[PDB]
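Taking it in order: structure first as structure tokens, then the write-up.
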Amino acid sequence: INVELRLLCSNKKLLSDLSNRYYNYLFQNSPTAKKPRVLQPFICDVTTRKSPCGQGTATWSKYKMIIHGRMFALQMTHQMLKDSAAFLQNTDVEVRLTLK
Amino acid sequence: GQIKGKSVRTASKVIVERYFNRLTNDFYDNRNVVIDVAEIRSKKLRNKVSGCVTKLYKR
Amino acid sequence: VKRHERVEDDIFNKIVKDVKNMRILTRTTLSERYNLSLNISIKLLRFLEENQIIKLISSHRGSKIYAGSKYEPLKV
Amino acid sequence: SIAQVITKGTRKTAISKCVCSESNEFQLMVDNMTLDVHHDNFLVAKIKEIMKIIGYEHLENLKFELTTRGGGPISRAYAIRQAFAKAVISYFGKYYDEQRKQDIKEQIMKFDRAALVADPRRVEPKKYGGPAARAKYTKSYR
Amino acid sequence: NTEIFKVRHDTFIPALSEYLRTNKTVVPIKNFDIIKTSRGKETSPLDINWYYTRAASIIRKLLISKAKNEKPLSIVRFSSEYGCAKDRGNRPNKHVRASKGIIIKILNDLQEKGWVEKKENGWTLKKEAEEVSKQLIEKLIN
Amino acid sequence: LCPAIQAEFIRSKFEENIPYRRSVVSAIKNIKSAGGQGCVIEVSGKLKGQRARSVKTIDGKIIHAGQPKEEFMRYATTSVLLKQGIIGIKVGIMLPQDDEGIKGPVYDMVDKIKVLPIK
Amino acid sequence: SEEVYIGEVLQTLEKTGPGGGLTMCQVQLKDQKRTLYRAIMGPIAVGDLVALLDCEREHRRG
Amino acid sequence: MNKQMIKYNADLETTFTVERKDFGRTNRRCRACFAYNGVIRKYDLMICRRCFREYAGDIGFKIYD
Amino acid sequence: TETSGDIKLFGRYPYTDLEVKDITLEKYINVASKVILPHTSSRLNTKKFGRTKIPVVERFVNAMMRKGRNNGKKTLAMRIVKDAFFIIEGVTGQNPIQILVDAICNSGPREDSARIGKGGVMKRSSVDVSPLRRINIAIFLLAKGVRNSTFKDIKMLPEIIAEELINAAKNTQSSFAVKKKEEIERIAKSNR
RNA sequence: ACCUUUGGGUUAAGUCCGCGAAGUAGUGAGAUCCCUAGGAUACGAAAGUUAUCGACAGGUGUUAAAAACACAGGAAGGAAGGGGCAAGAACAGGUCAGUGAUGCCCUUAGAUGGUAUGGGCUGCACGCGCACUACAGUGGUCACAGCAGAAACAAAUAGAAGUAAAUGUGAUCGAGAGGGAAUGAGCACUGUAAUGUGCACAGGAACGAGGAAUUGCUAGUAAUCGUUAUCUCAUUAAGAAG
Ligand SMILES: [K+]
Ligand SMILES: [K+]
Ligand SMILES: [Mg+2]
Ligand SMILES: [Mg+2]
Ligand SMILES: [Mg+2]
Ligand SMILES: [Mg+2]
Ligand SMILES: [Mg+2]
Ligand SMILES: [Mg+2]
Ligand SMILES: [Mg+2]
Ligand SMILES: [Mg+2]
Ligand SMILES: [Mg+2]
Ligand SMILES: [Zn+2]
């Protein structure tokens with residue numbers, strides 16, 4: 001019955017498009033469709049001096065990479081899970097599944 | 001240091017010269033007119049334009 | 001001269017006569033009028049507030065304030 | 001169900017929640033302690049201040065529980081004071097006539113606006129090249 | 001009910017301390033009269049009965065923990081509760097824990113009297129230790 | 001519209017021993033003809049003697065500041081080794097607006113205002 | 001001895017002095033016809049009352 | 001490599017083996033340039049602060065704020 | 001606990017029937033705003049005359065958080081002044097508040113020295129102080145007198161507060177704050 | 001050669017308004033972006049989260065325009081606050097000791113190339129730059145509570161990394177019981193190796209508020225107080241970055 005699908009992605013526009021596409025698919029099948037849950041973004045960061053030597057005013061930069069994520073929890077029969085999984089390929093988004 | 005500037009002022013004058021029949025004293029009316037009549041993407045710019053249009057109209 | 005570590009009988013006698021008609025009195029007064037140390041101004045002052053000769057009017061943290069026989073507060 | 005309202009009050013990084021309810025007797029608890037048992041007097045002074053500009057007859061037949069997290073000892077007392085202040089106005093608007101809400105609100109607004117609105121004030125971030133938000137490290141010449 | 005919060009800590013900790021000593025429920029560590037409570041402290045305690053104030057305050061930590069339904073208390077938790085700021089010469093002061101040996105001895109004494117039960121992830125109260133506290137408070141507030 | 005191609009056309013011409021001026025002028029024509037709304041080219045090094053210099057060229061519209069630079073601007077850098085030292089080449093191109101989103105952004109710059117005509 | 005005159009400020013004119021610390025002001029005395037020109041150094045609002053030690057010493061430059 | 005050393009006990013007759021722990025600069029050379037100094041070790045990068053800034057945008061790091 | 005009546009300072013003092021008693025000062029001294037404890041966070045400092053609307057005893061405790069090491073210790077200041085009011089109310093016999101008011105009235109210098117010369121050398125001259133500056137200096141002097149008096153002396157700090165404030169209200173030579181007000185006015189006159 | 005023309009008002013800004021032998025488009029500024037403050041009708045049955053929304057000198061009063069201020073309502077009021085990005089031209093400014101970036105000169109089996117075991121980079125008459133603890137009572141000591149940014153913590157009988165500290169109440173001490181420098185015989189830890197670190201006992205130096213000079217800082221700022229599942233890191237922070 002239940003499935004939880006994690007769409008994980010370090011680009012916001014892609015994840016927004018792919019989730020809108022999958023939401024449209026859900027509402028076109030109409031199994032009591034719903035929005036995705038927007039997850040707390042993972043943020044990995046590094047802070048370093050700009051100059052390659054000691055000279056000048058010490059100026060510092062913070063680089064941060066953001067891994068966005070969205071979860072769909074959903075009700076489907078096993079055939080529809082097996083058949084719909086054909087949607088979950090050729091994406092820069094990484095896709096993962098949980099089941100009970 | 002709140003000066004409208006040349007882009008905003010040019011656009012505002014073109015609007016009053018052509019839609020005077022549609023404007024009133026009210027900022028909230030005037031903003032509904034510029035949201036229709038113009039292509040302004042930035043939220044901060046459409047407030048500057050609609051504020052400038054009310055001032056021109058009353059002059 | 002340095003301060004003292006006793007309240008001898010004749011200093012004790014005259015302090016009783018002196019504490020009446022004084023208003024607010026504090027650790028320092030006993031130690032700067034008479035020659036007593038702070039460690040013996042505390043002990044004497046605490047004694048007189050058990051004997052009902054003086055009355056305590058504040059004791060917030062270590063700051064501690066007393067009153068004698070011619071004190072009188074404000075009235076509404 | 002018993003008549004109730006819930007409110008939230010904020011100061012710096014402290015957040016507090018107040019629940020307010022119908023009662024036969026006026027009752028108030030903070031950190032599970034009554035006002036006559038609670039260990040910090042600044043909190044107790046800030047509570048009895050706001051309880052006197054509001055008339056005692058407006059706090060009658062009413063009960064309060066305050067809970068809070070974050071900030072520190074001075075900031076939480078103001079956070080609690082806003083949560084308490086907003087509960088009475090919320091209850092009057094919901095369970096009595098709206099004129100009494102307006103009357104009470106004029107009194108609190110005359111006394112202190114910051115009892116009903118939250119200060120947006122927070123600590124400023126540290127920048128590089130100094131110990132804190134604005135102070136610079138010591139330049140030298142010779 | 002959460003009966004403990006109805007009385008002030010600086011009346012409760014001194015009150016129980018006498019009931020402990022008059023029944024010898026906890027026994028002093030060897031050299032209690034010259035040992036310090038932490039490496040952060042400057043000198044040994046001014047009260048000879050400091051060991052009993054520790055025992056009285058340990059049962060208070062457990063009563064309030066039970067009142068709020070927290071997870072059981074560990075030897076590490078108690079060591080950080082009693083911690084302080086250590087003096088380091090020519091360097092900033094730094095936070096340091098209490099010494100475990102005192103706390104271990106108190107908890108093992110209380111185990112033998114049936115006052116404290118060891119769980120897999122901490123220590124917990126027992127019926128007798130709850131009822132002593134209950135019957136004290138019922139006199140003390142009156 | 002690819003700066004990484006054009007920079008390699010430039011690097012080639014240095015090895016072919018052709019003047020930097022002629023090479024750069026050709027590159028700018030190609031970039032503009034293909035529809036780029038502007039571009040920047042800089043050459044730097046021991047280019048005409050023992051004293052090193054850099055020569056920079058600008059054509060059309062180029063954006064330097066803010067978020068509009070991240071969506072309209074494309075850059076490449078390369079270097080060529082010669083008998084006297086390394087000569088460095090920088091190319092930047094500003095993409096055209098494109099309503100189907102192939103050649104550049106769909107939406108034009110955030111600060112441009114357009115007022116509709118009347119019936 | 002505590003002689004004093006009370007005067008009402010009617011106008012302010014100029015920020016004055018090294019660093020612009022002072023303000024030139026016009027003051028009328030409360031119980032006399034006299035109206036003076038004076039420099040004052042604090043923040044001043046029109047309709048303030050100020051206490052003078054002399055009714056005569058003047059800043060003629062105005 | 002985890003190298004091993006022999007050591008003798010107090011009798012100078014019985015022998016035992018102990019392992020050398022891998023620590024210090026000797027194995028943490030920059031993956032782009034073999035440098036021993038200014039190596040960022042976080043997130044299992046092993047890249048020096050000079051090399052990081054030229055490659056950061058290829059890896060996918062950005063300066064947002 | 002102690003009371004169920006109207007708002008009194010430290011829950012003790014009357015908070016009514018208060019007179020300034022110098023018309024030059026009237027508008028700039030807040031003895032209106034009924035507060036139980038001399039503490040407020042009211043954000044008036046970001047305004048044009050907002051620091052003149054802060055209540056009187058508040059301005060007076062702020063003056064104590066000084067000498068560097070005591071920055072930020074506002075609770076300590078309240079503890080100190082509370083005790084001083086007990087000493088003063090006792091000694092004087094009148095609302096500590098009227099002692100504080102009269103201390104300010106006397107301790108502000110009325111005439112001052114300043115550089116006037118613009119288009120040449122800077123020559124010193126007498127000048128006349130505004131109402132607001134006059135009270136700002138009064139608090140400053142009262143504070144500076146107290147701090148330096150207590151430094152390496154056996155007497156308790158709340159007691160020194162009572163010594164100075166009485167004397168100041170009574171305009172006696174005994175006050176550090178009053179003496180230094182005479183000095184400034186004499187030098188001002190010398191440069192007249 | 002070169003100048004585009006009369007220098008009057010305004011803004012942070014040739015930012016703009018007037019007027020002109022000039023007129024039209026651009027770069028730079030602003031806008032945009034990121035964080036902080038307010039906002040479900042969405043999602044969840046847990047009680048939060050996120051949000052294409054909200055402010056424009058818009059309203060009144062100030063009698064050319066551009067603007068500015070004072071009130072008022074408002075979560076928020078004059079660039080909303082704080083960052084980030086950021087013209088053209090320059091400089092014989094710094095780095096060949098970051099680079100399988102690199103020209104030219106030099107060395108190249110008795111090496112200026114590697115490796116291994118040790119020693120130095122940490123030496124001490126002395127002049128300077130930047131930090132850290134102080135000179136007490138607005139203190140010191142004992143105990144007891146109690147609160148962050150949020151959430152990670154085998155065990156330990158004197159003691160030998162960890163989940164705040166200022167702070168709140170009561171005691172105490174009484175004017176070098178403030179202060180912890182050089183040093184003694186010890187007791188442990190990390191390590192391939194102590195020289196490094198922790199702990200206990202003794203010891204108790206200058207310093208009683210600083211000459212000529214000199215450095216930042218306008219509000220949740222300065223100063224105070226702790227903390228780093230941040231960086232260095234086997235072990236080492238009195239350093240940076242939060
Ligand atoms: K260059
Ligand atoms: K420096
Ligand atoms: Mg110390
Ligand atoms: Mg731009
Ligand atoms: Mg600028
Ligand atoms: Mg022109
Ligand atoms: Mg910008
Ligand atoms: Mg050079
Ligand atoms: Mg060295
Ligand atoms: Mg000491
Ligand atoms: Mg360093
Ligand atoms: Zn590298």
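To be explicit about the labels: the chains of the structure tokens are called A, B, and onward in the order shown, and within each one the residues are counted from 1, while ligands get numbers from 1 in the order they are shown.
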
Pick out the chain J residues within 9 Å of chain C. Count only C-alpha atoms (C1' of nucleotides). Give them as a list in words.
residues 169, 170, 171, 173 and 174 of chain J

Residues as selected, C-alpha atoms (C1' of nucleotides), written as a PDB file, in the first residue's frame, can you do that?
```pdb
ATOM      1  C1'   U J 169      19.635  33.750  47.451  1.00  0.00           C
ATOM      2  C1'   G J 170      22.376  32.887  51.747  1.00  0.00           C
ATOM      3  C1'   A J 171      26.723  32.476  54.535  1.00  0.00           C
ATOM      4  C1'   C J 173      36.701  37.144  54.614  1.00  0.00           C
ATOM      5  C1'   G J 174      38.090  42.618  55.948  1.00  0.00           C
TER       6        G J 174
END
```

With only C-alpha atoms (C1' of nucleotides) and all ligand atoms counted, collect every polymer residue having an atom within 12 Å of ligand 6; state the result as a list in words.
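Residues satisfying the distance criterion: residues 4, 5, 14, 19, 20, 21, 22, 23 and 24 of chain J.
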
Taking only C-alpha atoms (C1' of nucleotides) and all ligand atoms and a cut-off of 9 Å, can you tell me which residues surround ligand 12, written as a list in words?
residues 29, 30, 31, 32, 33, 34, 35, 36, 37, 38, 39, 46, 47, 48, 49, 50, 51 and 52 of chain H; 98 and 99 of chain J

Please produce a file of those selected residues containing N, CA and C atoms (P, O5', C5', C4', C3', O3' and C1' of nucleotides), as a PDB file, in the first residue's frame.
```
ATOM      1  N   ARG H  29      48.803  14.329   1.230  1.00  0.00           N
ATOM      2  CA  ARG H  29      49.245  15.230   0.173  1.00  0.00           C
ATOM      3  C   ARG H  29      48.055  15.644  -0.686  1.00  0.00           C
ATOM      4  N   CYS H  30      48.064  16.901  -1.143  1.00  0.00           N
ATOM      5  CA  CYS H  30      47.017  17.455  -1.995  1.00  0.00           C
ATOM      6  C   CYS H  30      46.778  16.567  -3.224  1.00  0.00           C
ATOM      7  N   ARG H  31      45.522  16.165  -3.486  1.00  0.00           N
ATOM      8  CA  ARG H  31      45.173  15.295  -4.606  1.00  0.00           C
ATOM      9  C   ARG H  31      45.317  15.941  -5.987  1.00  0.00           C
ATOM     10  N   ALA H  32      45.412  17.271  -6.054  1.00  0.00           N
ATOM     11  CA  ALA H  32      45.632  17.986  -7.303  1.00  0.00           C
ATOM     12  C   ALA H  32      47.115  18.310  -7.553  1.00  0.00           C
ATOM     13  N   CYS H  33      47.924  18.522  -6.490  1.00  0.00           N
ATOM     14  CA  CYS H  33      49.228  19.170  -6.627  1.00  0.00           C
ATOM     15  C   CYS H  33      50.336  18.652  -5.690  1.00  0.00           C
ATOM     16  N   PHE H  34      50.086  17.572  -4.933  1.00  0.00           N
ATOM     17  CA  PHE H  34      51.022  16.951  -3.996  1.00  0.00           C
ATOM     18  C   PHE H  34      51.514  17.858  -2.853  1.00  0.00           C
ATOM     19  N   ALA H  35      50.940  19.053  -2.644  1.00  0.00           N
ATOM     20  CA  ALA H  35      51.386  19.933  -1.559  1.00  0.00           C
ATOM     21  C   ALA H  35      51.072  19.358  -0.174  1.00  0.00           C
ATOM     22  N   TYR H  36      51.914  19.691   0.822  1.00  0.00           N
ATOM     23  CA  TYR H  36      51.741  19.254   2.199  1.00  0.00           C
ATOM     24  C   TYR H  36      51.084  20.307   3.107  1.00  0.00           C
ATOM     25  N   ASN H  37      50.883  21.545   2.624  1.00  0.00           N
ATOM     26  CA  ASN H  37      50.405  22.641   3.456  1.00  0.00           C
ATOM     27  C   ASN H  37      49.077  23.203   2.946  1.00  0.00           C
ATOM     28  N   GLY H  38      48.194  23.548   3.894  1.00  0.00           N
ATOM     29  CA  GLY H  38      46.922  24.200   3.616  1.00  0.00           C
ATOM     30  C   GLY H  38      45.888  23.253   3.007  1.00  0.00           C
ATOM     31  N   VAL H  39      46.013  21.957   3.308  1.00  0.00           N
ATOM     32  CA  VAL H  39      45.114  20.904   2.824  1.00  0.00           C
ATOM     33  C   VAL H  39      43.806  20.971   3.609  1.00  0.00           C
ATOM     34  N   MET H  46      40.731  16.245   0.016  1.00  0.00           N
ATOM     35  CA  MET H  46      42.119  16.224   0.427  1.00  0.00           C
ATOM     36  C   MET H  46      42.881  17.149  -0.522  1.00  0.00           C
ATOM     37  N   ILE H  47      42.392  18.396  -0.596  1.00  0.00           N
ATOM     38  CA  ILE H  47      42.761  19.353  -1.623  1.00  0.00           C
ATOM     39  C   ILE H  47      43.192  20.660  -0.954  1.00  0.00           C
ATOM     40  N   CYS H  48      44.259  21.287  -1.455  1.00  0.00           N
ATOM     41  CA  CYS H  48      44.772  22.488  -0.805  1.00  0.00           C
ATOM     42  C   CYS H  48      43.924  23.716  -1.154  1.00  0.00           C
ATOM     43  N   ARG H  49      43.965  24.715  -0.267  1.00  0.00           N
ATOM     44  CA  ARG H  49      43.197  25.950  -0.353  1.00  0.00           C
ATOM     45  C   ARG H  49      43.427  26.707  -1.665  1.00  0.00           C
ATOM     46  N   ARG H  50      44.599  26.546  -2.306  1.00  0.00           N
ATOM     47  CA  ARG H  50      44.851  27.173  -3.597  1.00  0.00           C
ATOM     48  C   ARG H  50      44.056  26.449  -4.678  1.00  0.00           C
ATOM     49  N   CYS H  51      44.190  25.121  -4.737  1.00  0.00           N
ATOM     50  CA  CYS H  51      43.527  24.277  -5.717  1.00  0.00           C
ATOM     51  C   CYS H  51      42.007  24.298  -5.553  1.00  0.00           C
ATOM     52  N   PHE H  52      41.518  24.346  -4.315  1.00  0.00           N
ATOM     53  CA  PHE H  52      40.093  24.360  -4.035  1.00  0.00           C
ATOM     54  C   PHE H  52      39.364  25.466  -4.800  1.00  0.00           C
TER      55      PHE H  52
ATOM     56  P     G J  98      54.574  29.063  -3.224  1.00  0.00           P
ATOM     57  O5'   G J  98      53.457  28.026  -2.702  1.00  0.00           O
ATOM     58  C5'   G J  98      53.802  26.618  -2.584  1.00  0.00           C
ATOM     59  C4'   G J  98      52.772  25.773  -3.296  1.00  0.00           C
ATOM     60  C3'   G J  98      53.043  25.455  -4.771  1.00  0.00           C
ATOM     61  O3'   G J  98      53.923  24.343  -4.934  1.00  0.00           O
ATOM     62  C1'   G J  98      50.758  26.022  -4.450  1.00  0.00           C
ATOM     63  P     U J  99      54.951  24.417  -6.173  1.00  0.00           P
ATOM     64  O5'   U J  99      54.073  23.925  -7.426  1.00  0.00           O
ATOM     65  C5'   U J  99      53.446  22.636  -7.336  1.00  0.00           C
ATOM     66  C4'   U J  99      52.360  22.519  -8.370  1.00  0.00           C
ATOM     67  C3'   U J  99      52.777  22.792  -9.813  1.00  0.00           C
ATOM     68  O3'   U J  99      53.323  21.605 -10.366  1.00  0.00           O
ATOM     69  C1'   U J  99      50.699  23.850  -9.334  1.00  0.00           C
TER      70        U J  99
END
```

Just want the 12 Å neighbourhood of stretch 89-91 of chain D, counted on only C-alpha atoms (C1' of nucleotides), with same-chain residues fewer than 6 positions away dropped. Output as a ChimeraX atom specification.
/D:3-8,18-22,54,58-59,61-64,82-83,97-109,115-116

List all protein, DNA and RNA residues that have an atom no more than 12 Å from any atom of ligand 1, counting only C-alpha atoms (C1' of nucleotides) and all ligand atoms, and report them as a VMD selection string.
(chain F and resid 42 to 46 51 to 56 87 to 89) or (chain J and resid 90 to 93)

Identify, on the basis of only C-alpha atoms (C1' of nucleotides), every residue whose closest approach to residue J:152 does not exceed 12 Å; exclude the query and any residue fewer than 2 positions from it along the same chain; express the result as JSON, numbers by chain.
{"J": [162, 163, 229]}

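When atom CA of residue D:93 is paired with atom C1' of residue J:42, their separation reads 28.0 Å.
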
Within 7 Å of chain A, which residues of chain J show up when using only C-alpha atoms (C1' of nucleotides), listed as a list in words?
residues 43, 94 and 95 of chain J

Write out as a ChimeraX atom specification each polymer residue (protein, DNA or RNA) that has an atom no more than 12 Å from ligand 4, with only C-alpha atoms (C1' of nucleotides) and all ligand atoms counted.
/F:61-69,109-112 /J:26-32,85-87
